[PDB]
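Residue numbers (this note's numbering): -16 to 53. Ideal Cβ placement from N, Cα and C applies to all residues, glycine included. One structure below.
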Amino acid sequence: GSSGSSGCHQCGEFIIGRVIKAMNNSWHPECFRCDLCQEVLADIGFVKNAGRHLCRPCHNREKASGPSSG
Ligand SMILES: [Zn+2]
Ligand SMILES: [Zn+2]
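Below, the structure is given as C-alpha cells:
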C-alpha cells in the first residue's frame, strides 16, 4: 500500500512533530534550506524562484534588477 502520510522530500526520512510545508510538499525544519546560502527557510520563510527555494535575502539579491534601467 503506502508508508507514512507526510514525509520530507529533501532527505526522505519521515517528519515527526514539525512539518514544514513548502513547494507543495513536506520537509524538515533543517532540511528546507536556501539554495544559495542554505539557510533554514522554515520560520523566516522561502521564495519560489526558477524552481528553487531561496531566502528573501538571496532571492532579493538575485531578482534584483540591474542598477542601469532606462
Ligand atoms: Zn529531511
Ligand atoms: Zn539565501
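Ranked by how close their Cα comes to the Cα of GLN(-7), the residues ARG1, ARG16 and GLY0 have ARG16 in first place.
With 5 Å as the limit, the residues whose C-beta approaches a heavy atom of ligand 1 more closely than that are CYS(-9), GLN(-7), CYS(-6), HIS11 and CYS14, in chain order.
Between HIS36 and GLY53, the alpha-carbon positions lie close to 30 Å from each other. Taken through DSSP and simplified to helix, strand or coil, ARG44 comes out as helix.
For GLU(-4), the Cβ stays outside the 8 Å cut-off from all heavy atoms of ligand 2.
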